[PDB]
Amino acid sequence: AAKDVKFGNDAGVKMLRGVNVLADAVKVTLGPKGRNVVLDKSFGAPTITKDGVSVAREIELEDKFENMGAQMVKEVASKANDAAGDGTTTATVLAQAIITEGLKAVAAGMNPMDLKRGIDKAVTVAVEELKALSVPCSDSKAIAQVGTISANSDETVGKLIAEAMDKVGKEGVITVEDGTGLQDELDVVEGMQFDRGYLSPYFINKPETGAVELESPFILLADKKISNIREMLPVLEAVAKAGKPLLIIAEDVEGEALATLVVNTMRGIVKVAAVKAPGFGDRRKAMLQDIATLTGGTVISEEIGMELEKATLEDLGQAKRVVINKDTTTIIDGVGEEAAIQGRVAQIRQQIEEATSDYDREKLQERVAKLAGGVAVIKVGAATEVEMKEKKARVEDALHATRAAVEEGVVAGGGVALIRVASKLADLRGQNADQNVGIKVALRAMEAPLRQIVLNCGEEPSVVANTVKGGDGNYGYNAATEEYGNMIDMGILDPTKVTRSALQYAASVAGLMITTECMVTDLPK
Amino acid sequence: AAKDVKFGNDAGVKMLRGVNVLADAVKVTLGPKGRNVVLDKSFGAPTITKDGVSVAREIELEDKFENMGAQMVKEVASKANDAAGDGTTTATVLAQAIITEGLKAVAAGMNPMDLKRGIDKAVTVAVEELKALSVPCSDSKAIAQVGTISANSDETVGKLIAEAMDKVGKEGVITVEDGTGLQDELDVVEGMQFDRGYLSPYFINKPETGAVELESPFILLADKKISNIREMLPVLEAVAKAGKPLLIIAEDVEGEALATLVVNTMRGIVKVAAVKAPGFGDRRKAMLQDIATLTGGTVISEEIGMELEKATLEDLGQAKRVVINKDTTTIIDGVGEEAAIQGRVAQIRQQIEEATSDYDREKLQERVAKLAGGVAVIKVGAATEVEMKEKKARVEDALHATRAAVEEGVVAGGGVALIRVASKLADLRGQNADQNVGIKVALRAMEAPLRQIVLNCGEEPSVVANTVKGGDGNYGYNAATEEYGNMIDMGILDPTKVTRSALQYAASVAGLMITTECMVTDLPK
Amino acid sequence: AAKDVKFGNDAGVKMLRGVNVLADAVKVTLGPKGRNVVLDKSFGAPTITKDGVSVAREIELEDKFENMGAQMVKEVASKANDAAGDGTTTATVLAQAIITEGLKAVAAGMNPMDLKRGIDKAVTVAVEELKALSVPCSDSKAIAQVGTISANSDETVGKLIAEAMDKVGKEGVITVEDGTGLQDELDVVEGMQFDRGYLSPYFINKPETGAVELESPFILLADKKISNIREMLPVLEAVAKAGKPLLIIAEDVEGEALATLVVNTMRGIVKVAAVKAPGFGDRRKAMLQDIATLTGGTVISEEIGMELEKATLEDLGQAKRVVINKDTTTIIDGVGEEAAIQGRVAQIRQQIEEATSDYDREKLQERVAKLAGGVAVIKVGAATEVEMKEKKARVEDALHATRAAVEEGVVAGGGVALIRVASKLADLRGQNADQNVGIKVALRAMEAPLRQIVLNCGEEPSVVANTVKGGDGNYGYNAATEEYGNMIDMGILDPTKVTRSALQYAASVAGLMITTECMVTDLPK
Amino acid sequence: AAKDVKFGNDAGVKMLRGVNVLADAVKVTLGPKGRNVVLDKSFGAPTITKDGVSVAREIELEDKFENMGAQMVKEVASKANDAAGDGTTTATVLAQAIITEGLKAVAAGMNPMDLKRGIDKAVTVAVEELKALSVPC
Ligand SMILES: Nc1ncnc2c1ncn2[C@@H]1O[C@H](COP(=O)(O)OP(=O)(O)OP(O)(O)=S)[C@@H](O)[C@H]1O
Ligand SMILES: Nc1ncnc2c1ncn2[C@@H]1O[C@H](COP(=O)(O)OP(=O)(O)OP(O)(O)=S)[C@@H](O)[C@H]1O
Ligand SMILES: Nc1ncnc2c1ncn2[C@@H]1O[C@H](COP(=O)(O)OP(=O)(O)OP(O)(O)=S)[C@@H](O)[C@H]1O
Ligand SMILES: [K+]
Ligand SMILES: [K+]
Ligand SMILES: [K+]
Ligand SMILES: [K+]
Ligand SMILES: [Mg+2]
Ligand SMILES: [Mg+2]
Ligand SMILES: [Mg+2]
Ligand SMILES: [Mg+2]
């Protein structure tokens, strides 16, 4: 269709207006004193939230160009979300701060490419500096502390997570399920988790977690691509009976077949979800087999002249439960017999012996760890279904936060970590004045999170920022009590991973907008 | 429908406005310092690109006359793209420069026909001069260098391409496929490539390459035209099973039958693609047979009273993979047995002996080369599916660039080649003044690429242009480092072929617009 | 529907405006220095052409009355096209010139009927004078020259045409087909051509020539009208097999049956084309038989109690190829055996002996000539399918032009012929002053072609016209070199037939418009 | 009072339009076959003339910029009139011819100062040549 095309300044003011509407709606929810945002629904009472992602998802603007700016920066939150699962609001205020001052510098005549280079250099050094200030979370005591703090001071949740990580290792798989009633339960079952998410949304039966969950499902392990539904018809019907859901783990499920699965499972006509097989090439087949040995299934490969049509419920694997995210599939408690599984382990164990290459050695050790590691399951205590469902949510969050903490450590929260990093880069310089302006744009933006947290408290941003900058180390502002103090001692911590991600994604998208010269969109008609 | 009709100047300003919108949106993406263009999408985040072709595809204007001018010059990019697979942005800025000054001259009262003639003469001489300045790329060391440079200094990709061309010759067929995992692979398989593209788009399943790709498909070799789908019904269904795609290599697939194929394969209902048989007349049948021998299929000609209805999956040929462009079909690794194939080679080999005419001799040698040459296959290394998919892209581009370099050599990049050529034509004259103006219009336009690259850097076009013209040889401006130097020593090269094509297509379309007196389009109703 | 009705002047200005938009869009393409016209398409790049007929086809106007004027004069081009196959643009500029001055005279109060009479008288005398100046093209040398000139100076095409006409006579049938590859081929086969075109478009499988072409088809020779498809069902299916197209040569194919044929052959469902049988009355049957004897078929007449239902593929005639225009059917190389054919010739040969009437004698001689003359076939050389298809086009045109040249000779091109004729009629007078004005309007219009050619060159019409008129004979202006000289010596010739047709049709349509008093069209609603 | 200010091309088209109205009205009266121009009067019958000066005096345009162009070229005729007392119409058609093509060249991107310099050189030499051709009286 005919297009509307805008260049330079005209495009720039539009983009800025768009990010401002999105960022302003989102940032009011930041921190302990975050304000509520009311989101209208077509039916019933409006949604009232303090969750940044919930607000961002609703934002769409009428002006086509302004809307592009909002959708672009919306990418910041989503990516930060996918990478760290927290700090999407922080990332959005950082992006708005960099974009605002960056576009001003552009309008002033400064070189966009140089501004971006300066911003990027500052971020590169800032991340290194962030790592230097990071405090490790390696021993179980630390893990327990972070867990407790993330569970609203519930030492119970802290001990649970610490024990779970002591079982399967801090790098191991850990899940949480409803409890049998009163008292928590922690047991390790035969399970595995690989990096492959659902082949499309819709499969998502629990939008609360934006994931797909199946109970006691059958697992089809096809070593090939599936384009024609015909091949599935025989097995899908065999699964239609026994009233159990089906998990498709094939090399890939293309359009035709996938489209059908999305439509049928959409009408309650058999619950089926598909995900790509882990790895690629040779190791792929070997890994597809590990899943079979674990779930007690049979790989259906064309290499041995096998057909999906000639596949019965006996070939299918099975597990008590499977969960899949946007990019992760976890099989909990497989039917496979410890004899077959443990044997498979022994095999791969020798593979490592005969390993003539570190790479092949690494890849093999990865499989044994997955197949021999299992999956720790945390069954949340109870005393009434309501409280149980609640504690479960806390455990889930605490667990998520502790996991991130374990990966990259923790830093002072309340935005002070970024403020401390900014002060350490006061002498950073680039190749020219425009690059230096870019550097300053970024260091200035690093104060935005703390400032917005203070603003939401109803206090003066410049005053608090000035005071915090006046001190050093973990000295910061506790927005809940409105008192200054040591952020670590007051238990206000952020996983270094979410702070780093919020900053990198904000800068990444800001850099793109700052160097955008033209925008194309459909004519408002 | 009622038409709007415009003449002379009225039409001219409309066209100019149209090419300016397109050229201006596209040209900001030129060179190492190209800026981003944001393209709106109906769903999700907008597309942010620095790729000229991506931008051009989106351009369509509201005013019908302005739109015509944009679509006309859009043909420049597309043709240059089809011919050299690069330099579409350069071609567009050259076209804008010629059109702008040429239309100005027309408005000044100069003769359009003479202007065009002068422009054409300049381009004709410029192309000859471009060839003179071209540096060959014949030995494997040169091929390796070009390949390395085109692969972002990846000496690995350079060696690969060099070795691949050393196997099948620099004029041989080369393909790249995903690797089995870590470490690259180079092996020659039984394959062939003929000059025939898809009988219509849509078949294109990979718009990234604007090509059609089929894996382990069946190949129907019908020696006749196919108009009625009825004939196909039996075979299409046989192919429906076995779950394999079908490649139709007939004399031609006309409307009725073709239309159906486009619709069915559009609905996932059996994946089928059709292309015309290579050559024409007698040799056609002989060649169609070479394909059969290679894929292990059976030609279904009416001459022997054979019907497509009475054709089973046993008659169909087969290969591990086939790729088809806008005008090229390549069959990779055919089922045919070396016995039959090598035997077929021997036959044609004697044919050359009994050859009583050079023409027939040439044609026969062409077949043997194709049937005996094979197809070099490059399997990209790995170490994680992500990196593997990435390196594969680099190898693809590097290969494409190197291939072009091998055909016509290389010249200084950054727009200096065209600038050196222009200076060498300062004394070029035509049959009259208007023709001389035409010549100058062209010579002036030849500076546009370098000027736009500099402009995108944020530097001063005239100053850099002036300085570069001041020197000579490969002296140029490195836009990445913003330093002057020897373009070749700095590794900034352009295949002579893409520079030549960009210039010729730009002049071609510009000459047509310059000599346009009337425009007809639908009334805006 | 309610109508809008206009009279006199009101209608006249509308008509004039309409012919002016059409004529102005078309005339810019006249001559060697013709300008391009861009025609918008719904998809892809617009069409850029210098072809008058392509431009005219697109012209439709919004104002209903203006549109009528455009569609009316559009009939000039089409009729001149159908009659001579060239000079449609020349015809259109002559028409605009006559209409413009004619309508001015009407507005000035002159009698429309007298104006028309005067224009008609001038044209009548002009055509006679044109025949007087016409130079013959009888000998093979002349034929070769005209052919060479018409083939863009390709002396090869010139020899071919000359040889082809030397074989079957300059009045004989000649066709051109794709070559076998390199080197031209000329062979006389058993063929025939009669004056009957397709019974409707659509059958046209090659819009490039706007004709229908069938290869090795079956020929149904039904001596009666065909209204019900039922009769055909049996034979159509018999032809469904053997995979061969069918040519229906019946007394006529009416609605019901014809409509079906158009729809089925439209869906690839059997390729069939229908044309009326040559002649009428008695001779018709006798001729329909000549076709049978030639194609080896059997006439299915109801006179002998024969039914189309009881007709097998054995009754149908057959030939290697048949081509049918808007009003011509040519059967190339029929299956008929020289025994039957030559015998048939002997029969008709005696018929001429027993002829008691010149008319019957003439009609009989016509049949023997057609049945005994055959068809010279020209197979264009090759060396790549592309060049072959191109040269074929040139030979086609060169042949078409030479044919016309042979019929009425040639005259000086560049519009000097009409200029010479006009000057010879300077004393022509009519019955009254108004008729004299009509005469002058026509003589004046005769200068229009030369003037427009010069105008498209960018030169001054009045200066060149004045100079050409100053000389005499073949003295004219060479628009390609912009030099005066002898048009004949410079090889700038026009078939007298196209010049005569352009003038007569232009005057014809102009006379109708000049004598139109009222216009009726639908209300713009 | 507040002013309207125009630059380059915008100004050029306005001027050209203004001189064209004046020149076109004036030049129809040139030579033995000059045509009549009717000039309205507030009272009585209009003035019918073939005299260029009479026509030029009446020309004033509504658009302020176009009017400036007319008044400027009007200076040509008056000065030629004061200097030689004849040829004001000839001076006006020469002015329009130079202005028209000169402005076209400017719009084509040619240097205004150089165009003027060239025109000046041609006139300087043309005047010398005119003296050579001149027959004494
Ligand atoms: N008492 C406190 N004083 C100051 N800052 C605090 C306090 N408690 C938490 N925070 C900080 O508030 C920020 C987190 O606020 P949230 O509202 O959860 O936003 P976000 O994590 O950036 O984005 P969401 O949660 O994905 S929307 C972190 O910087 C915390 O350190
Ligand atoms: N460091 C450099 N300095 C100067 N010019 C460079 C440099 N690197 C690449 N170039 C030139 O930039 C041009 C290629 O830029 P691109 O943006 O890829 O446009 P294009 O190839 O003309 O069109 P696309 O790629 O089809 S959009 C060529 O003229 C290169 O020689
Ligand atoms: N060198 C030449 N000098 C002058 N007239 C020429 C020359 N070459 C061709 N012509 C004339 O150009 C006319 C033919 O021009 P075309 O553009 O083909 O138009 P047309 O044949 O009148 O109509 P079309 O072709 O059906 S659109 C004839 O009058 C030719 O004699
Ligand atoms: K919040
Ligand atoms: K680019
Ligand atoms: K033409
Ligand atoms: K006068
Ligand atoms: Mg949070
Ligand atoms: Mg490029
Ligand atoms: Mg013609
Ligand atoms: Mg005087």
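All heavy atoms count here, side chains included; hydrogens, waters and symmetry mates do not. Letters A, B, ... are given to chains in the order of the sequence lines, protein chains preceding strands, and every chain is numbered from 1. Atoms within a ligand are numbered from 1 in the order they appear, just like the ligands themselves.
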[X] (side chain) donor-acceptor with [Y] (main chain) under 3.5 angstrom:
| X | Y | result |
| --- | --- | --- |
| A:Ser54 | A:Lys50 | no |
| C:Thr328 | C:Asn325 | no |
| C:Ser153 | C:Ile149 | no |
| C:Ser423 | C:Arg420 | yes |
| B:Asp434 | B:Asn111 | yes |

Using a 4.0 Å cutoff against the non-hydrogen atoms of [X], which atoms of ligand 3 qualify?
| X | answer |
| --- | --- |
| C:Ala480 | 1 (N) |
| C:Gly413 | 31 (O) |
| C:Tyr477 | 3 (N), 4 (C) |
| C:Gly52 | 27 (S) |
| C:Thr29 | 17 (O) |

Side-chain touch [X]/[Y], heavy atoms, less than 4.5 angstrom:
| X | Y | result |
| --- | --- | --- |
| C:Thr49 | C:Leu39 | yes |
| A:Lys497 | A:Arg500 | yes |
| C:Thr47 | C:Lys41 | yes |

When you measure from [atom] to every protein heavy atom, which one gives the shortest distance, and what is it?
| atom | value |
| --- | --- |
| atom 31 (O) of ligand 3 | C:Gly414 N, 2.7 Å |
| atom 30 (C) of ligand 3 | C:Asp494 OD1, 3.3 Å |
| atom 1 (N) of ligand 3 | C:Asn478 OD1, 3.0 Å |
| atom 18 (O) of ligand 3 | C:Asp86 OD1, 4.5 Å |
| atom 22 (O) of ligand 3 | C:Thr90 OG1, 2.6 Å |
| atom 20 (P) of ligand 3 | C:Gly87 CA, 3.5 Å |

What heavy-atom pair brings C:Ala126 and C:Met446 nearest, and what distance separates the two atoms?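 Heavy-atom minimum between the residues: CB-CE, 3.7 Å.
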Heteroatom proximity flag, [X] to ligand 3, N/O under 3.5 Å:
| X | result |
| --- | --- |
| C:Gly31 | yes |
| C:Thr89 | yes |
| C:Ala479 | yes |

Applying a 4.0 Å heavy-atom criterion (strictly less than), which segment of [X] is in contact with ligand 3: side chain, backbone, both, or neither?
| X | result |
| --- | --- |
| C:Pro32 | side chain |
| C:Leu493 | neither |
| C:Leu30 | both |

Which one of C:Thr88, C:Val26, C:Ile453 has a non-hydrogen atom at the shortest distance from atom 26 (O) of ligand 3?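 Ranked by closest heavy atom to atom 26 (O) of ligand 3, first place is C:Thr88.
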Output, in order, the C-alpha distance, side-chain angles, deciding distance and verdict of side chain to side chain donor-acceptor pair (under 3.5 Å) for C:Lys27 and C:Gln96. CA-CA 10 Å; C:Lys27 73 185 184 187; C:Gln96 169 184 52; 2.9 Å; yes
Between C:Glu101 and C:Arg444, does at least one N-O distance fall below 4.0 Å, as a salt bridge requires?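 Between C:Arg444 and C:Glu101 there is a salt bridge, with a charged N closer than 4.0 Å to a carboxylate O.
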Flag the pair C:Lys33 and C:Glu482 as a salt bridge only when some basic side-chain nitrogen lies within less than 4.0 angstrom of an acidic carboxylate oxygen.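 Here C:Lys33 pairs with C:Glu482 in a salt bridge, since their nearest N and O are under 4.0 Å apart.
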Using a distance threshold of 3.4 Å, what protein N/O/S atoms lie below it relative to the K ion (ligand 4)?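 As for protein N, O or S atoms lying under 3.4 Å from the K ion (ligand 4), they are A:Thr29 O, A:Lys50 O.
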Can you sort out the partners of B:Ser508 under side-chain hydrogen bond (donor to acceptor under 3.5 Å, both in side chains), two or more places apart, ordered by chain and number?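 Partners of B:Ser508 by the side-chain hydrogen bond (donor to acceptor under 3.5 Å, both in side chains) criterion come out as none, since no residue qualifies.
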Has C:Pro449 got any heavy atom lying under 4.0 angstrom from an atom of ligand 3?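 Contact absent.
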4.0 Å heavy-atom contact, C:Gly34 with ligand 3: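 It does not, in that no heavy atom of C:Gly34 comes within the 4.0 Å cut-off of ligand 3.
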Apply side chain to side chain contact (heavy atoms under 4.5 Å, CB included) to residues A:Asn478 and A:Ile492 and explain how you reach the verdict. CA-CA 8 Å; A:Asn478 182 323; A:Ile492 304 169; 3.5 Å; yes
Using 30° and 60° as the class boundaries, would you call the ring planes of C:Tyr475 and C:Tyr484 parallel, tilted or perpendicular?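 The arrangement is parallel - the two ring planes meet at less than 30°.
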Are there more than 12 heavy atoms of other residues, nucleotides or ligands under 6.0 Å from atom CD of C:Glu155?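 It does not: C:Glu155 CD has 12 such atoms or fewer within range.
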